[PDB]
Amino acid sequence: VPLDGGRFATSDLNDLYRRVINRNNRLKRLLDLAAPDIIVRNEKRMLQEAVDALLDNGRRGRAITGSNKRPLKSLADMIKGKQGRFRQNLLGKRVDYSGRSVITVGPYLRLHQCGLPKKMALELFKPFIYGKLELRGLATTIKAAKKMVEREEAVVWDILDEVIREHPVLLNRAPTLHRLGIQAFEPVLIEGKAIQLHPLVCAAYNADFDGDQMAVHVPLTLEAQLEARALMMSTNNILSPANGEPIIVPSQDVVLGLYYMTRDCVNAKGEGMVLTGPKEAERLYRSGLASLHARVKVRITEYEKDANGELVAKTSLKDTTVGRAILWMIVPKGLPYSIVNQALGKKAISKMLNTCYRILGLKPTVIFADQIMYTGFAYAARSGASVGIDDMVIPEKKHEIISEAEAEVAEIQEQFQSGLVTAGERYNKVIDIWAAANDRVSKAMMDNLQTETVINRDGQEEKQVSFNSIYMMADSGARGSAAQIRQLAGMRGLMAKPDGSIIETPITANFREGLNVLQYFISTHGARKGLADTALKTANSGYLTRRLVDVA
Amino acid sequence: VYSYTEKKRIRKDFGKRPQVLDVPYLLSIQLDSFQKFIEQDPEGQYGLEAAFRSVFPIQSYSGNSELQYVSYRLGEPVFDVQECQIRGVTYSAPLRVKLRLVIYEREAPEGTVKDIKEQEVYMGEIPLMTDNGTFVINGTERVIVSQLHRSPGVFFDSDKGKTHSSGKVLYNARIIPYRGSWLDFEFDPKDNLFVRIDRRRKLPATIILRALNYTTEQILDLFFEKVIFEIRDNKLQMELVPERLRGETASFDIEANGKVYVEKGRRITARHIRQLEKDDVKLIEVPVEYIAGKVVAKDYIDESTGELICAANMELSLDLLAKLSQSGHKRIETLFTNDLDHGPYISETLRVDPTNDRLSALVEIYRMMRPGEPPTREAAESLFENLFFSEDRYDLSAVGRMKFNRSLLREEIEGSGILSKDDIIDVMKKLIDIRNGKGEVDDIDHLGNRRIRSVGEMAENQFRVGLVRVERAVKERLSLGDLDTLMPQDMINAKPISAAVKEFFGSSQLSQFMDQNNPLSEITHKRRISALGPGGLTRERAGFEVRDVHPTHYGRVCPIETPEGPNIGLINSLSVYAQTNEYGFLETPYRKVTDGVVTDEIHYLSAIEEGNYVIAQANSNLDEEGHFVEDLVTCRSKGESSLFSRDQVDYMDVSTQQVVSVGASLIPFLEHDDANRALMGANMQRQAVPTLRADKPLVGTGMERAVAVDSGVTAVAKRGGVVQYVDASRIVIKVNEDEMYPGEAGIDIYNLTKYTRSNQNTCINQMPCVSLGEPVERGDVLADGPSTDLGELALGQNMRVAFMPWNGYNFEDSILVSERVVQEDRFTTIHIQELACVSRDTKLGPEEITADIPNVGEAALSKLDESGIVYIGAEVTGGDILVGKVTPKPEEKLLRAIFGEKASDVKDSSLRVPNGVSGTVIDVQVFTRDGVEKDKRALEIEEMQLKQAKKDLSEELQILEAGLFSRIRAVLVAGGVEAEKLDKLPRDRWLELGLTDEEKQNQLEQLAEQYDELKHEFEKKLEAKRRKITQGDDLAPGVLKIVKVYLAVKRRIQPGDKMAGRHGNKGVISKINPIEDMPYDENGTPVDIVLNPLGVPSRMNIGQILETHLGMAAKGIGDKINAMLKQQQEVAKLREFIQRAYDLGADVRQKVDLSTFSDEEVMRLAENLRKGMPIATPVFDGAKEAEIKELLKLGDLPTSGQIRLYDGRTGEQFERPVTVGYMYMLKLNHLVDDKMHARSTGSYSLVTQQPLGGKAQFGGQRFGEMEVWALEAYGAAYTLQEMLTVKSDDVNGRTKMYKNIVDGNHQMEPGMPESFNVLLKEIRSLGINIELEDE
DNA sequence: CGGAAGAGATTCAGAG
RNA sequence: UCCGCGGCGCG
DNA sequence: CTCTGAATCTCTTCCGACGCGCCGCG
Ligand SMILES: [Mg+2]
């Protein structure tokens, strides 16, 4: 390597070869002199050790170091090891025609297409630009095309648009884990500096928008283009190879919007009329003369495939709310109307997708998914499901429940100070009574929160489901579970010592109120334990995957 | 009462606990360590003199020549700090030492020396530490963190489990010296004492027992007691006390005084033992069979011939008894032979002895330490004495022996560093005690075994290594010393120690580079504790016990702030009130508590001792008279916490603040949020970047002032006084009469720091925040640095934020952003790059820096000087010419350059702008070698540098000379006062007032010299400075002149940036949205930032909710102030309004009023409230729900904080009220322009024909292995062939494909991967034959 | 350095 | 002037 | 007595995710 001045930090192999050739030169010179046996065997010994170190270093004591302080590299080092030749230059090698950027959402694309920033688009397809420019003949040599593309004249963006129209590309996620980590998309030119993704793919990628970065690749030949559009495509991969359940299940916002969409308070303005179709219901909602959701009889027409290959129409006067009908307005023909009369949970929508695929082929399922995502964002923006500090209603009986709890802990202590019980027995049963208190407070707060809403109901009174934001986010299945609300509003359970032993004093506070230092310290114990667990587990997981993919 | 400087703006505060202790100096560790490392302390006491007196004196071995130490001195640094950083040299200082050399008479060793020599000798230089606690090595800043390692002492570990899993625990004893070989004691399942030295082979303890000059009888008497038997006629009567009968079955009929107490077989409980104790006689009678397995203690020998009847550690047999009774030695001393109280491990331990002799033991350890060597008696003795008797190669610090004596339950405090024999004997005794079961092992995570180091002691250690090396060299030279033939420095060399310290500061796992972006990183990157580096474990030697936090960490090590990922808990941070003990342990304060009253005075407590006492929880309801309103309170004991009585505790914690780190203490409402979320929030906050103009966060914690002041990134008044002149460059302050020194004090000058490159390419800047002619108070801020304003810390800004899902643009966490922020340029940031051009002197033509370049247009020279360097202030873009550097490519053969040629082609090597970046020239730096031509542009740059370098001195002298002229005026009051010429004759020219008095001229003439001396120092300061600018610069050989240029880029917000708050909320900006579509209220104002409410359920961080309501309250006062101040109302209206504003608290210690204030003071305070109300909040004693609720009542906002909102696009009501408010947004330095990158066809590598890597080179991405197997998982085949053969490796394939693609016939060719051909070569290069085969 | 593994020296170990 | 080590950070 | 042998303890070796960015020193 030519380095500064006459200095060249060359490879260790040069030094090893120089050493051994000097050794051989001295030895072959000295055998001419009929030297005594002692010195000649000393030279043969040191030559033997030198060539042994040349072939492999480290197998002998006091391995010869390199420049300053580290053992020099060898041919054995060049062949084996993570830094060896295989796993850095044969199994995986750097490739041209690629690029890297950061992801955004841009939730207005179609599932079969993705965006791509303009400067990246110009950079990637320069040979295609040269070829098409030669095809139209507006340039003569490579230099003319090069200067024209460097000037970024407006006369080339139309060629650039033309060469995209169905020329696909590839995406990559750096910690590629399973087969869905690589997909293909039909690119569309977009302004900006970041990659745009359809939202339903990030769940398969398990790629949050925290700042993950993608790689791109470009198929070149006709074989490559057909190969990409055949199997690389996002459309024809809708079942996981691990289990038949789909992989385009919605995650966070459309599920919230539809869940809020299909709930009915018993009394609301616009209650108690009849309509002949979803279209006029949509019109009435846009008029604002009726609530988003109220019990309304409607005339619904539905199709079904009793005939072997043909659809049959039938009509009725179903009883439902307006939101169910307006959602029915976009549903494809095959599915029966009974498929939407429930509350449309996470499991419900997954079953929706699975049944739609199993009965109505492939394409209508895809367009149904895209359109339901559109409507989910639309009505989730329309809803306005904000959060508020006043939402988290704390149960009141829990305070005297706690008071009782320290009453029995004082009682058991004062038996224990009379020799009645031992430390282990009292330990177990204070754990038991504390757990029972946790059960009671958790159940109490759940029943207080679950149906707090009450209404006069066109008359005296009635009790119905709740409309708290926290509850509707919870039972939707979007984010969190019951335990999260248990931790937040109610008592935060009880934590254990780092070894695994349980602390006798439970966490008698909650996040809505203040927290004293010691319980926060124990929470720190738990959180640090979990973070260390995952951080150490990642490497073993990856290594196990490597061995298993090698063995079979 | 408050200073006028605090009266710029007062911060609303909450909290009920009255603080008593002040936050200490936040840089005490580094400052104390470095100050202790260099200072003239007698007797050393962990100082440089200690290392000197350790290494000194030096004596020639039997040569009667002595070198003895005298003293050392340090001179001033030859350079400054700032221009030293600019140039590139370190900020070191010379080391001047005086050495005394004497040579004894060869006829008398104790006789007087013939001569004495003494001289000052210079050797090396050592780096210096600036007030901010920094270091300079090569024109940069580097900082050394503090190391954390196990203290030298003894440990006892269980190691239960892995070995022989279906078996009980083992035990092991470890001794680690401060400097020396390790030594390990451990057990084995067969239960033998084994010793291992320096992780070598396993050896029995008996070898070192005998090598310590001990006979077998001595050893057994040491480890065991006596059981005596007598040769007696009646069944050999014998003596027993019931102490050894504690818990045994009766193998005999228990009889005494001819009366059997209990028969054989009955277990002897305590009752039988006491029955024996009544009239307890010892001599009893037993049968003979019991001694069958019992072992003799002494060595009885025959008397007929002296043959050994029985040796130690062998049992007895009836024949042995008979033929020892034939000799008549009645006393039979035997072994105790216990089972559950004294395990007889020593017996078989000595039984499996390989040898039996001291010399044999020495030979064995000789061959154990060095394999394959001839055994020598003296060599074995020499190595044995050179392991634990040699004070040179083995030693312990005083702390080592301290913990050694503490662990062994000893009482001695001070001994010797080297070990002894009885100490390791005691280690034997305690280890066998532990194996018996009694006693207790010690853990590792307990901080009473954890030791902290700092810069001073490791610097001393490296320096001591250098001195022992050079001492070896000096003694080697002195072995041939002569009779006074030289001056005592020719034998010393400054090269070794200087090289050693320079390598230590330069290359070390403890001297990390410092991340210079914001003052928070500055203060948190210094108080950092690491467990890596030499002497400690590495990144993957970590189990789980080191990872998790320990209860002793409370109040001493922050549990919540640590980096996550590859290393967790290894880079833990130190607490806020913690400090370093004298020995090297940690300490935390406590409040002394009497019987029922807590005193104000405090104590510092170590880690080991705190278990002896009990401490109460900090936020206990202390009464007004220092009592507890309850009769019971929870208190943390040595093990855990428990509710204790009124009179059980003796110490009180100082405050709630002492639990977390500095970075953690800045998060408001921390107590309402989860641990991991707070951790990631702190990890982001350490990485912020200052914006164009700062502004105080509306929700603070009160710690901003302390961190802002203590971190020296701002101008602090060394003395209080009166502003005289202010400017954007310098500040002039008048000194008060009381503060000025009696001898010609004068005034002070503060030089600001302008736009300059930082270590992280950020713009360090200083803006004054003081008006003209203002009384300034001692120890207060004058100029604001980056991300600081008016003396408070302000990283990000405050946004109007709402929580609502909108059109999927906030899908997972993506941050939607309004156009108004970039409209105001309120997140605009600045980066400063650095481009370097070298001018080497190489063959084939020395490099030229001319402006003449072939094969280029005139566009370059349109923006270039004739020197070739760009003019200052050029709007250059990517790929533009910056510096013009070009390198060229008898009587009959040299003239052919004109005959058959035209001219020599000089090759361009111009440093261009890296592609993709714009910029503007702000500074050009040029350095020149000693004796090289200086081109035109370099000449004026030093000329502009020259004239400013003399104006500031002239400006300084002009003010400096003013003070001496007042001495003329004070003395010469009466006389001829000139009407008009009072100023034409300046304040100096008064000795020429026409005539002069015979005595007045004397003082005038006398002081005339001292002005000349002030001129003289002006001359020398001018003359010294003009040399520094004129002199060249030693560099690497070959290079001739450096060309440093600087760029400034104005970074704007664009979709893809990384936004974050102060409660862990991540995010990237998805879409920029024009103003018209943003949601807006009934009043008319829009909203700026819209988030996703779904973050709260999943990741439980409710704290970000509570701050948002406060933001409305903070603005809710401010806009009401803004509403009233727009119309000129009388001052008392706001005066009562602000009075109630700073009123209206539950129970606070603030207790401020407004009556004492002047009207103009209140008016100038009002205008600083145009933006709102800064509200303080302690970490744990913060505001609760109720007082937040009633605070909004003072505003004009709904009680719930819940507001209905209007749509921007469709414009209607929302049938759910939405939550809005304020929130503190900062910016991360992870942009998009520095990450997005691609290539089509660039360079290739040499060893393999593969594309390059990294973004700096025009390289691409790496096709990782993992996506390989992913690809054949789909039925795809051709791409796998196509990607890694024709696009990466094949050379003929790509060029054909490159030629084929430009014609549209997309076709692939197989080729052959040349990397595989590379593979076959070296595997061929050995004895292996391998190649291809038939086609 | 934890763990696995595997080869190798050792060391009883009943059959003699 | 583009090879190698160490350290920090990000996912 | 001498095995053969069947464990048994000793000693050595091989290994421990991926990808990128930044900075420093030979
Ligand atoms: Mg991520």
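Scoring rules and cut-offs
Residues numbered from 1 in each chain as written, not as in the entry; some residues may be left out. Chains lettered and ligands numbered in written order. Part of a larger assembly, values for the part shown. Heavy atoms only, no water. Helix = DSSP H or I, 4+ residues; strand = E, 2+ residues; numbered from the N terminus. Areas by Shrake-Rupley, 256 points an atom, 1.4 Å probe, with all protein chains shown as cover. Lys, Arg positive; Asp, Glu negative; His and termini not counted. Charge placed at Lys NZ, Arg CZ, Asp CG, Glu CD. Salt bridge = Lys/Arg side-chain N within 4 Å of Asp/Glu carboxyl O. Contact = heavy atoms within 4.5 Å. Buried area = accessible area lost by both parts, 1.4 Å probe. Polar contact = N/O pair within 3.5 Å; in protein donor to acceptor, adjacent residues only side chain to side chain. Pairing = 2+ DSSP bridges. Near = heavy atom within 4 Å. Nonpolar A, V, L, I, M, F, W, Y, C, P; charged D, E, K, R; others polar. Donors = N, O, S within 2.8 Å, 3.2 Å for Na, K, Ca; no water. Tetrahedral: all angles 85-135°; square planar, octahedral: opposite > 155°, others 65-115°. Patch = residues over 30% accessible without salt bridge, like charges linked within 9 Å, V, L, I, M, F, W, Y side chains within 5 Å. Buried < 20%, exposed > 50% of the residue type's maximum accessible area, 1.4 Å probe, protein only. Disulfide = S-S within 2.5 Å. Core = buried A, V, L, I, M, F, W, Y, C linked by side-chain atoms within 4.5 Å. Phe/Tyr/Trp six-rings, centres within 6.5 Å; stacked < 30°, edge-to-face > 60°. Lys NZ or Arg CZ within 6 Å of the ring centre and 35° of its normal. Arc of directions from axis to C-beta. Axes fitted to C-alpha atoms, helices over the stretch in contact; angles between N-to-C directions.

For this coordinate set, the PDB header names cryo-EM as the determination method and states a resolution of 4.3 Å.

Attention shifts here to the overall build of chain B. A tally of helices and strands in chain B yields 32 helices and 53 strands. For chain B, the spread of C-alpha atoms along the three principal axes comes to 130 × 110 × 100 Å. Summed over all atoms, the accessible surface of chain B reaches about 69,200 Å², with 55% contributed by carbon and sulfur. Positive and negative side-chain charges in chain B, numbering 170 and 213 respectively, have mean positions lying 2 Å apart.

Before going further, it helps to examine the pattern of salt bridges. All names here are of chain B. In this structure the tally under the stated criterion is 60 salt bridges over all chains. Among the salt bridges present, the one from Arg-1149 reaches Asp-13, with a minimum N-O distance of 3.3 Å. Salt bridges sharing common partners tie together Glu-217, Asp-221, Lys-226, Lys-298 and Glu-333.

Between chain B and chain A, the residue contacts involve 124 residues of the former and 110 residues of the latter. Taking both sides of the interface into account, the surface hidden between chain B and chain A amounts to around 11,200 Å²; carbon and sulfur atoms contribute 62%. One can count six salt bridges joining chain B with chain A. Taking the shortest distance from any N to any O, the salt bridge between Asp4(A) and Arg840(B) comes out at 2.6 Å. In this assembly, chain B and chain A are joined by 29 residue pairs in polar contact.

Our next topic: the sheet that holds strand β30 (residues 730-735) of chain B. Residues and elements named next belong to chain B. On the basis of which strands lie adjacent, the open sheet formed by four strands has the order β31-β30-β29-β35 and antiparallel pairing. With one partner strand each, in any of the chains shown, β31 (748-751) and β35 (775-776) form the two edges of the open sheet. Here strand β29 (residues 721-726) runs beside β30; their pairing, made up of five bridges, is antiparallel. Considered in β30, the bridge of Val-726 is made with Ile-731.

As a structural note, the neighbourhood of DNA strand E is formed by 20 residues, with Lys82(A), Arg94(A), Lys1255(B), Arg1262(B) and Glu1265(B) the closest of them. Counted by atom, the contact set of DNA strand E within 4 Å of the protein is 76% sugar and phosphate. In this structure, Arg7(A) approaches DNA strand E through a side-chain N or O atom, which is 3.4 Å from a sugar or linking oxygen. At a separation of 3.1 Å, a phosphate oxygen of DNA strand E approaches a polar side-chain atom of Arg546(A). It is helix α20 (residues 517-551) of chain A that contributes the most residues to the surface near DNA strand E, four residues altogether. Class assignment for the residues of the surface near DNA strand E results in three nonpolar, five polar and twelve charged.

Turning to the coordination of the magnesium ion, a few remarks are in order. Residue and element names in this part refer to chain A. In this structure, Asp-208 (OD), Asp-210 (OD), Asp-210 (OD), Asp-212 (OD) and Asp-212 (OD) serve as the protein donors to the magnesium ion, at separations of 2.2 to 2.8 Å. In this structure, the magnesium ion is coordinated by six donor atoms arranged in irregular fashion, with angles at the metal of 48 to 178°. Considered as a linear motif, the donors of the magnesium ion on their single chain read D-x1-D-x1-D.

A few words now on the protein's contact with RNA strand D. As a matter of local geometry, RNA strand D sits amid 17 residues, with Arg70(A), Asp212(A), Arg539(B), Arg840(B) and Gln1257(B) nearest to it. Side-chain polar atom of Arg70(A) to a sugar or linking oxygen of RNA strand D: 2.3 Å apart, as the coordinates give it. Within the side chain of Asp212(A), a nitrogen or oxygen atom sits 2.4 Å from a sugar or linking oxygen of RNA strand D. By residue class, the composition of the surface near RNA strand D is four nonpolar, five polar and eight charged.

All names here are of chain A. Of note, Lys-305 is situated in strand β9 (residues 295-307). Excluding anything up to four places from it in sequence, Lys-305 contacts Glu-310 and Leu-311. At a separation of 3.2 Å, a polar atom in the side chain of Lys-305 contacts the main-chain carbonyl oxygen of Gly-309.

Bringing a negative patch on the surface into the picture now. On the surface, a cluster of negative charge is made up of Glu396(A), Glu400(A), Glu404(A), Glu406(A), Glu408(A), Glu411(A), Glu414(A) and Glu452(A). Along the chain, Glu452(A) falls in the loop between α17 (423-450) and β11 (454-455).

A separate point is unusual backbone geometry. All names here are of chain B. Backbone torsion omega between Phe-56 and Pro-57 reads 0°, so that peptide bond is classified as cis. Position of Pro-57 among the secondary structure elements: in the loop between α2 (48-55) and β1 (58-59). The phi dihedral of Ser-787 falls on the positive side, at around 60°, and the residue is not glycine. In this structure, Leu-790 takes a positive phi of about 55° despite not being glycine. Within the element layout of this structure, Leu-790 appears in the loop between β37 (788-789) and β38 (792-793). The class of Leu-790 is partly exposed, set by a relative accessible area of 24%.

Let us now look at the state of the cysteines. Residue and element names in this part refer to chain A. A full pass over the atoms with the stated rule returns zero disulfides over all chains. Summary of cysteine pairing: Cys-202 is not part of a disulfide, and the nearest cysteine sulfur, belonging to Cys-114, is at 11 Å. Among the residues examined, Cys-202 registers a relative accessible area of 6% and is labelled buried.

To continue, consider a positive patch on the surface. The grouping of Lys82(A), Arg87(A), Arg546(A) and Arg547(A) at the surface amounts to a positive patch. Topologically, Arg546(A) is positioned in helix α20.

On to the nonpolar core, then. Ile560(B), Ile1089(B), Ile1102(B), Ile1105(B) and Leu1110(B) are the most contacted members of the largest nonpolar core, which totals 65 residues. Judged by nonpolar contacts, the second largest core, of 33 residues, contains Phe185(B), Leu193(B), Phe224(B) and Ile434(B).

Here the focus is the packing of aromatic side chains. Residue and element names in this part refer to chain B. Scanning the model with the defined rule gives 21 aromatic pairs over all chains in all. Ring centres of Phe-56 and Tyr-69 lie 5.8 Å apart, and the angle between their planes is 20°; this geometry places the pair in the stacked category. With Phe-56 in the loop between α2 and β1 and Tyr-69 in strand β2 (residues 65-74), this pair connects stretches of sequence that are 13 residues apart. The class for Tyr-69 is buried, based on a relative accessible area of 17%. Taken together, the ring pairs in this structure connect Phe-34, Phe-37, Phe-135, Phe-504 and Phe-505 into an aromatic cluster. Here the basic side chain of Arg-87 rests over the ring of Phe-79, its NZ or CZ set 4.6 Å away from the ring centre.

This next bit is on helix α28 (residues 1185-1194) of chain B. Residues and elements named next belong to chain B. Turning to α28, its buried residues are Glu-1187, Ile-1188, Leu-1191, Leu-1192 and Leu-1194. For α28, the arc enclosing every buried residue in end-on projection is 145°, short of the 170-degree limit, so these residues lie on one face. Opposite its buried face, α28 presents the exposed residues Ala-1186 and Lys-1193, each directed more than 90 degrees away. The elements touched by buried residues of α28 are α25 (1103-1125) and α26 (1131-1142).

All names here are of chain B. In space, the three strands of this open sheet follow the order β41-β47-β46, with antiparallel pairing throughout. Both edges of this open sheet fall to β41 (829-837) and β46 (920-928), since each of them pairs with a single strand only. If you compare each strand with its neighbour and ignore which way they point, the axes differ by 20° on average. Here β41 runs beside strand β47 (residues 1041-1051); their pairing, made up of nine bridges, is antiparallel.

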